[PDB]
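Single chain ahead, written as structure tokens, the form deposited in one PDB entry.
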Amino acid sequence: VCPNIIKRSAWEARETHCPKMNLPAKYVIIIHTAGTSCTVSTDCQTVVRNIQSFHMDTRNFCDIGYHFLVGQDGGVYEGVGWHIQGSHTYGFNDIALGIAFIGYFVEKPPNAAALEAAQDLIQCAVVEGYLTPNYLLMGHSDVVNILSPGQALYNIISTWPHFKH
């Protein structure tokens, strides 16, 4: 089933009212925050909260851009959740679940804990119906010109199921 998942309230997320996400989604997009990483609950909560603020105040997004985030503490963090539209990839925000690893992974990849959490989340997504049974998995850089989710992480997710080979 779905891994733990720490809620928005847990990281003192600014409350908003954003466009709704249309489920089921047809894709999963692996992203990396490209910023600092985190190894313990409190640190990750902080980093996630800062990203929301940055996305809302200087990027003008309606809320944090990712549906979910994954830390090196192996924990899954709720972004805007399953039901809100994302702000992570042009042309895919209404049909793709954006999952972002907290950190910068071009050279070194996320630990096994982080990776496992992602796949378990992905698994419950398709099982729960948040994703179509024939959904497609892809990396950020496959869709737009972006240095995400990092070659290291890319090489990893490229081997997961439903990856758009």
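Only residues modelled in both forms are compared. Numbering starts at 1 and runs along the sequence shown. Note that the rigid core is defined as the largest set of C-alphas that superpose within 1.5 Å between two forms.
Missing here is the form deposited in another entry; even so, the following discussion is about that form.
Participant: Quick check: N22 between the shown form and the other one - does its CA shift reach 2 Å or more after fitting the rigid core?
Facilitator: No; that C-alpha moves by less than 2 Å between the shown form and the other one.
Participant: My question is whether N145 is one of the residues whose C-alpha shifts by 2 Å or more between the shown form and the other one, given a fit on the rigid core.
Facilitator: After core superposition, the displacement of the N145 C-alpha between the shown form and the other one reaches the 2 Å mark, so yes.
Participant: After core superposition, I'd like to know whether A13 moves between the shown form and the other one (criterion: C-alpha shift of 2 angstroms or more).
Facilitator: No, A13 moves less than 2 Å.
Participant: Explain in one word, closer or farther, how the Cα atoms of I95 and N145 are placed in that other deposited form relative to this form, where the distance changes by 3 Å or more.
Facilitator: Compared with this form, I95 and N145 lie closer in that other deposited form.
Participant: Where do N22 and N145 end up in that other deposited form, Cα atoms closer or farther than shown, with a change of 3 Å or more?
Facilitator: Compared with the form shown here, the C-alpha atoms of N22 and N145 sit closer together in that other deposited form, by 3 Å or more.
Participant: With a 2 Å cutoff on C-alpha displacement after fitting the rigid core, which stretches of 3 or more consecutive residues move between the shown form and the other one?
Facilitator: After core superposition, the one displaced run is 144 to 165.
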